[PDB]
C-alpha cells in the first residue's frame, strides 16, 4: 500500500516545487521519502515556503504556499450529529495505527457481541440504521483519528465537541480511556434502543436561537445552537415537519436532519437518563477532571466552575444527551489564527465552522462521506497542517524503514 504524504519547505516556492518533483520521481523509495519528510521541519522564519503532495492516487497535484511567521493554536472539533455512512473507515484501515485502534475498540465491545471492524467491513445498506451500531462506530472512528494525530505528536490547544462528539472529546482531553469512551457510545445507543420512545424528529432552521425560542410550537424546542442564524430544533415529528414547511413557505432556510425519527437533546431523552446514568456509573469509576482546553457544549459557560463541569462523569455525559448543544457559544472562544480539525467520519460541520469562524482560521476536514479514498483525503489534510505552520511528520503514520 504505497501511498505517502510528502511535505516540503524552502526559502522559495521554487525550492519546494523542485523538492516535491524529486519525491515524485522517487515515489517508490520509502527510505528517501522518510528523509525528505524529516528535512521539512524548518521554521517559516528560515524557510517561509511550504508545500505538500500525496504520492500515490490523484489528489496528488502539489500544493505550495507561503507560511506566515508565528505560533498558531491547534483545535480539535468532534462532530456527532449523524456523520454515519456505508463503508466509513475501510479507507483508513490501511494505517496500522488506525486499524490497531479500532481492534482495540472491538475489545471493549467483545461482550455485547459486536465487532466494530465487522461493522465497518460490513456491506449492508441498513447496517448503520441501528443506533448502537452508528453510535459506537462514530466514536470508534473519532478515537482512531485522534490516535493518528497523537502519533505525530499533535497536542490540541483547545477541544470542542458536538453532542456525542463530547465523548471523543473526553478521550482527546485524556479524561476517558478508549475502553471507557467506546462503552459510553454503546450504552447511550443501547438505552435509547431499549426505550422505544414516541416518534420524534429534528431540523436545521435559519432562525436565531432567540427567534427559535419564541417562534417554536409546543413540544418542539431549540436543540443545537450551531451558528448565530442556524439552529437545530427538536421534538415530536409531526410538528417538526409542519414547522419546517411553514418556514420554507416564507423563504427561511430549513433542512431536515436525518436522525432515525429521534428528538435528541430534548425532554424525550429525559426518559433514558436514569437507565443510562446507572450503566455509565459502572463504566466510569473514579471519573477524571476536565482541562481548560476542553470547552463544554453541554454545560453553559456560566456554570462551568461547577461539579458537573469539573469532571467527565456519567453525570456529565448523561447531561449531554439531555441538554442542548451550546456549540456556537464555545466557538466564540476559538482565537483568531486557529488551525481547526474536524474529527469525524464525515465533515458535516465544515459549513457551520466556516460560517462561525474567520478568514484567519484554517479549517481542515479529515474525512468525507463516500470519498473515493479517505486516506488520500486525510493525508491531504495533514499536508494542510504543514502549509499552516503546524509541525506534523507523516512518517509517524507508516511503518519504519531504517538502514537500506
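Numbering follows the first chain given and starts at 1.
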>> When the Cα temperature factors in the entry are averaged, is it 122 to 130 or 221 to 229 that ends up higher?
In response: 122 to 130
>> Using only C-alpha atoms and the B-factors in the entry, which stretch averages higher, 204 to 212 or 78 to 86?
In response: 78 to 86
>> Using only the C-alpha B-factors in the record, can you name which of 294, 112, 171, 243 has the highest?
In response: 112
> What's the residue among 142, 150, 303, 177 with the greatest CA temperature factor in the PDB record?
Replying inline: 303
> Would the CA B-factor of residue 254 place it in the lowest, middle or highest third of its chain?
Replying inline: highest
> Lowest, middle or highest third: where is residue 359 by Cα B-factor in its chain?
Replying inline: middle
> Comparing residue 197 with the other modelled residues of its chain, is its CA B-factor in the lowest, middle or highest third?
Replying inline: highest
>> Can you tell me whether residue 69 has a C-alpha B-factor in the lowest, middle or highest third compared with the other modelled residues of the same chain?
In response: highest
>> By the recorded C-alpha temperature factor, relative to the other modelled residues in its chain, which third is residue 156 in?
In response: lowest
